[PDB]
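There is one chain below, alone, in structure tokens, taken in the form deposited in one PDB entry.
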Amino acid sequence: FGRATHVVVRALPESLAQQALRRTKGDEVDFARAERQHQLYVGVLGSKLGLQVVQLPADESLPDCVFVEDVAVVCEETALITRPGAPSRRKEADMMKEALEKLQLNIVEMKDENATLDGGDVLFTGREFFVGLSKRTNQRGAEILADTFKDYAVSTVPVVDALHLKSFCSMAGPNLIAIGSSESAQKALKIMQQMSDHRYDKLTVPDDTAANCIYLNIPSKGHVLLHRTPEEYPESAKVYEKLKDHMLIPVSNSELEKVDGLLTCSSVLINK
């Protein structure tokens, strides 16, 4: 669990600043800063952690194309190309499908026109899958996901007051689920633990979105964790900083969060 050899990312289109979908309309995006933040992210994955990076080009007609996580779910040697809940993001699947074909993965496409699924609503613990039913992912989409990864149990969780299931959680370790403290995040957590016969440890943070981090097990480095910075979320950073059992890597993501993109959203990890 957590091992990876390759990673797919995609460049930010200039259209993202003003045209990317977003639930809140607060501070406007500083595109130059967004690009800098993406460079650091890609730099850590490729140089520091040694992953082979596949950098897809931006497409101005797809303002949200940087968020590759929502277009594919990878489990072992099989990749499910999703059918995004947002119509404006459907075409993002094309280039992703091509990149994953080239990485030699077995490809399964979600073709049902009554099914939608955002990869961001999928939490794979290494033992099973939790899929959020949100405005982006419906029951049919979750059913197809279960049909694709038959060797794993797949359980649904309602997503409330957030874009995706992973807008408030992610894996921080082999048996560790990072989770937010909001009423909604905790309700979802209780449901996941109720649906699963396995007992997971939790890493609870006060800021829901800071519960989204990237966990990787890299040879020569060990258990690695990319998490949000003290500057962005001081109180959540304090929780991560206590962790002496992970190599901690604070990565800024403030600009993309303005369009609901968190850390896991900007990449699709593959273990070849």
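We call the rigid core the largest set of C-alpha positions that still match within 1.5 Å between the two forms. Start at 1 and count along the sequence shown; that's the residue number.
Omitted here: the form deposited in another entry. The next part is about that form.
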After fitting the rigid core, tell me which of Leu256, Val251, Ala20, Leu12 has its Cα displaced by at least 2 Å between the shown form and the other one. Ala20
Do the C-alpha atoms of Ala188 and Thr24 sit closer or farther apart in the other form than they do here, given a shift of 3 Å or more? farther
Shown form as baseline, in the other form, CA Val66-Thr24 shift of 3 Å or more puts them closer
